[PDB]
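Text of model_5.pdb, listed as PDB, C-alpha atoms:
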```
ATOM      1  CA  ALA O   1     -14.899   3.470  14.178  1.00  0.00           C
ATOM      2  CA  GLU O   2     -13.636   2.880  10.611  1.00  0.00           C
ATOM      3  CA  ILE O   3     -12.179   5.967   8.902  1.00  0.00           C
ATOM      4  CA  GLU O   4     -12.919   8.428   6.073  1.00  0.00           C
ATOM      5  CA  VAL O   5     -11.554   8.244   2.506  1.00  0.00           C
ATOM      6  CA  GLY O   6      -9.694  11.188   0.935  1.00  0.00           C
ATOM      7  CA  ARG O   7      -7.272  11.390   3.882  1.00  0.00           C
ATOM      8  CA  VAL O   8      -3.576  10.416   3.917  1.00  0.00           C
ATOM      9  CA  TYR O   9      -2.482   7.157   5.585  1.00  0.00           C
ATOM     10  CA  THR O  10       0.980   6.142   6.814  1.00  0.00           C
ATOM     11  CA  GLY O  11       1.245   2.662   5.278  1.00  0.00           C
ATOM     12  CA  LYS O  12       3.618   0.495   7.336  1.00  0.00           C
ATOM     13  CA  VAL O  13       5.104  -2.634   5.765  1.00  0.00           C
ATOM     14  CA  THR O  14       3.566  -5.709   7.405  1.00  0.00           C
ATOM     15  CA  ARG O  15       3.693  -8.169   4.468  1.00  0.00           C
ATOM     16  CA  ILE O  16       5.183  -8.553   0.955  1.00  0.00           C
ATOM     17  CA  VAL O  17       4.465 -10.882  -1.987  1.00  0.00           C
ATOM     18  CA  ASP O  18       6.485 -12.144  -4.981  1.00  0.00           C
ATOM     19  CA  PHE O  19       3.813 -10.677  -7.301  1.00  0.00           C
ATOM     20  CA  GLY O  20       3.635  -7.410  -5.308  1.00  0.00           C
ATOM     21  CA  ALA O  21       3.695  -6.202  -1.680  1.00  0.00           C
ATOM     22  CA  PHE O  22       1.167  -5.995   1.164  1.00  0.00           C
ATOM     23  CA  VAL O  23       0.830  -3.122   3.662  1.00  0.00           C
ATOM     24  CA  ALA O  24      -1.119  -2.249   6.840  1.00  0.00           C
ATOM     25  CA  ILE O  25      -2.162   1.053   8.490  1.00  0.00           C
ATOM     26  CA  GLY O  26      -3.013  -0.354  11.940  1.00  0.00           C
ATOM     27  CA  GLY O  27      -6.436   0.258  13.529  1.00  0.00           C
ATOM     28  CA  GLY O  28      -8.169  -2.660  11.764  1.00  0.00           C
ATOM     29  CA  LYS O  29      -7.405  -1.541   8.192  1.00  0.00           C
ATOM     30  CA  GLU O  30      -4.459  -2.444   5.952  1.00  0.00           C
ATOM     31  CA  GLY O  31      -3.095  -1.190   2.615  1.00  0.00           C
ATOM     32  CA  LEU O  32      -1.398  -3.084  -0.234  1.00  0.00           C
ATOM     33  CA  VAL O  33       1.710  -2.268  -2.270  1.00  0.00           C
ATOM     34  CA  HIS O  34       0.898  -4.666  -5.111  1.00  0.00           C
ATOM     35  CA  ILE O  35       3.801  -4.962  -7.586  1.00  0.00           C
ATOM     36  CA  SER O  36       2.142  -2.408  -9.906  1.00  0.00           C
ATOM     37  CA  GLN O  37       1.651   0.024  -6.983  1.00  0.00           C
ATOM     38  CA  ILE O  38       5.007   1.472  -5.842  1.00  0.00           C
ATOM     39  CA  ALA O  39       6.699   4.481  -7.475  1.00  0.00           C
ATOM     40  CA  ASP O  40       6.781   5.856 -11.035  1.00  0.00           C
ATOM     41  CA  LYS O  41      10.122   4.017 -11.255  1.00  0.00           C
ATOM     42  CA  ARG O  42       9.763   0.397 -12.418  1.00  0.00           C
ATOM     43  CA  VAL O  43       9.720  -1.618  -9.175  1.00  0.00           C
ATOM     44  CA  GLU O  44      10.103  -5.046 -10.815  1.00  0.00           C
ATOM     45  CA  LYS O  45      11.104  -6.021  -7.268  1.00  0.00           C
ATOM     46  CA  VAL O  46       8.461  -5.303  -4.602  1.00  0.00           C
ATOM     47  CA  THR O  47      10.888  -6.456  -1.905  1.00  0.00           C
ATOM     48  CA  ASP O  48      13.075  -3.476  -2.914  1.00  0.00           C
ATOM     49  CA  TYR O  49      10.592  -0.666  -2.223  1.00  0.00           C
ATOM     50  CA  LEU O  50       8.748  -2.578   0.518  1.00  0.00           C
ATOM     51  CA  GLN O  51      10.617  -3.730   3.634  1.00  0.00           C
ATOM     52  CA  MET O  52       9.414  -5.325   6.893  1.00  0.00           C
ATOM     53  CA  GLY O  53       9.736  -2.256   9.151  1.00  0.00           C
ATOM     54  CA  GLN O  54       9.797   0.546   6.553  1.00  0.00           C
ATOM     55  CA  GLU O  55       6.887   2.972   7.072  1.00  0.00           C
ATOM     56  CA  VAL O  56       5.920   5.016   3.985  1.00  0.00           C
ATOM     57  CA  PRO O  57       3.204   7.639   3.484  1.00  0.00           C
ATOM     58  CA  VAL O  58       0.302   6.809   1.138  1.00  0.00           C
ATOM     59  CA  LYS O  59      -3.118   8.179   0.116  1.00  0.00           C
ATOM     60  CA  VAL O  60      -6.484   6.402   0.478  1.00  0.00           C
ATOM     61  CA  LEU O  61      -6.937   5.884  -3.263  1.00  0.00           C
ATOM     62  CA  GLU O  62     -10.429   4.534  -2.415  1.00  0.00           C
ATOM     63  CA  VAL O  63     -12.225   1.344  -1.314  1.00  0.00           C
ATOM     64  CA  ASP O  64     -14.435  -0.627  -3.732  1.00  0.00           C
ATOM     65  CA  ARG O  65     -17.321  -2.772  -2.439  1.00  0.00           C
ATOM     66  CA  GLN O  66     -14.744  -5.527  -1.823  1.00  0.00           C
ATOM     67  CA  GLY O  67     -13.456  -3.677   1.264  1.00  0.00           C
ATOM     68  CA  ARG O  68     -10.033  -3.744  -0.433  1.00  0.00           C
ATOM     69  CA  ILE O  69      -8.409  -0.658   1.128  1.00  0.00           C
ATOM     70  CA  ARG O  70      -6.697   0.747  -1.984  1.00  0.00           C
ATOM     71  CA  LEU O  71      -3.796   2.798  -0.581  1.00  0.00           C
ATOM     72  CA  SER O  72      -1.527   4.804  -2.902  1.00  0.00           C
ATOM     73  CA  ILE O  73       2.169   4.886  -1.937  1.00  0.00           C
ATOM     74  CA  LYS O  74       3.587   8.411  -2.388  1.00  0.00           C
ATOM     75  CA  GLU O  75       7.258   8.220  -3.413  1.00  0.00           C
ATOM     76  CA  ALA O  76       9.272   6.798  -0.490  1.00  0.00           C
TER      77      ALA O  76
END
```
Represent the structure from my file as structure tokens, please.
Amino acid sequence: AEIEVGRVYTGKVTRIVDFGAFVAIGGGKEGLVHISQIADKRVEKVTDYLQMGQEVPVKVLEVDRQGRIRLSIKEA
């Protein structure tokens, strides 16, 4: 039954994009590692921090009214 915000979420890599990276948490909700959403280090390449199979920890940054699960990658 949906989840609660403010909790941590293990974001698995289930999709990537040239202008960023997509992510999923399984259970009916997914996260997104957009290009400007990786690590303090410049990740000009989203395919470098995001990999199909790499599971990284993130934090439910929040969810606007667009149901866009905004996950926050930690520092994997």
If the PyMOL selection byres ((chain O and resi 62) around 8) were run on this exact file, what residues would it hold? Put them as a ChimeraX atom specification.
/O:5-6,60-61,63-64,69-71
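Using all atoms listed in the file for every distance, the candidate list O:59, O:45, O:11, O:36 yields O:11 as the residue closest to residue 24 in chain O.
With distances taken over only C-alpha atoms, O:26 is the one residue among O:68, O:26, O:38, O:58 lying closest to residue 14 in chain O.
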Expressed in Å, the length from CA of residue 25 in chain O to CA of residue 9 in chain O is 6.8 Å
Mind giving me the straight-line distance from CA of residue 7 in chain O to CA of residue 74 in chain O in Å, one decimal?
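Separation between CA of residue 7 in chain O and CA of residue 74 in chain O: 12.9 Å.
The two atoms in question, CA of residue 41 in chain O and CA of residue 29 in chain O, are spaced 26.8 Å apart.
Across O:10, O:4, O:65, O:48, the tightest approach to residue 23 in chain O is made by O:10 when counting only C-alpha atoms.
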For the structure shown, which residues end up in the PyMOL selection byres ((chain O and resi 47) around 12)? Put them as a PDB file with C-alpha atoms, in the coordinates of the input, please?
```
ATOM      1  CA  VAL O  13       5.104  -2.634   5.765  1.00  0.00           C
ATOM      2  CA  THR O  14       3.566  -5.709   7.405  1.00  0.00           C
ATOM      3  CA  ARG O  15       3.693  -8.169   4.468  1.00  0.00           C
ATOM      4  CA  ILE O  16       5.183  -8.553   0.955  1.00  0.00           C
ATOM      5  CA  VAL O  17       4.465 -10.882  -1.987  1.00  0.00           C
ATOM      6  CA  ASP O  18       6.485 -12.144  -4.981  1.00  0.00           C
ATOM      7  CA  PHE O  19       3.813 -10.677  -7.301  1.00  0.00           C
ATOM      8  CA  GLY O  20       3.635  -7.410  -5.308  1.00  0.00           C
ATOM      9  CA  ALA O  21       3.695  -6.202  -1.680  1.00  0.00           C
ATOM     10  CA  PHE O  22       1.167  -5.995   1.164  1.00  0.00           C
ATOM     11  CA  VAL O  23       0.830  -3.122   3.662  1.00  0.00           C
ATOM     12  CA  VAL O  33       1.710  -2.268  -2.270  1.00  0.00           C
ATOM     13  CA  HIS O  34       0.898  -4.666  -5.111  1.00  0.00           C
ATOM     14  CA  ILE O  35       3.801  -4.962  -7.586  1.00  0.00           C
ATOM     15  CA  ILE O  38       5.007   1.472  -5.842  1.00  0.00           C
ATOM     16  CA  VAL O  43       9.720  -1.618  -9.175  1.00  0.00           C
ATOM     17  CA  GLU O  44      10.103  -5.046 -10.815  1.00  0.00           C
ATOM     18  CA  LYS O  45      11.104  -6.021  -7.268  1.00  0.00           C
ATOM     19  CA  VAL O  46       8.461  -5.303  -4.602  1.00  0.00           C
ATOM     20  CA  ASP O  48      13.075  -3.476  -2.914  1.00  0.00           C
ATOM     21  CA  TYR O  49      10.592  -0.666  -2.223  1.00  0.00           C
ATOM     22  CA  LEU O  50       8.748  -2.578   0.518  1.00  0.00           C
ATOM     23  CA  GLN O  51      10.617  -3.730   3.634  1.00  0.00           C
ATOM     24  CA  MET O  52       9.414  -5.325   6.893  1.00  0.00           C
ATOM     25  CA  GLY O  53       9.736  -2.256   9.151  1.00  0.00           C
ATOM     26  CA  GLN O  54       9.797   0.546   6.553  1.00  0.00           C
TER      27      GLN O  54
END
```
Centre and edge lengths of an axis-aligned box around all listed atoms of range 34-42 of chain O, with 5 Å added on each side, are to be given in Å to one decimal, as JSON.
```
{"center_x": 5.5, "center_y": 0.4, "center_z": -8.8, "size_x": 19.2, "size_y": 20.8, "size_z": 17.3}
```
Just say which residues the PyMOL selection byres ((chain O and resi 1) around 10) picks in this file, as a PyMOL selection string.
chain O and resi 2-4+27-28
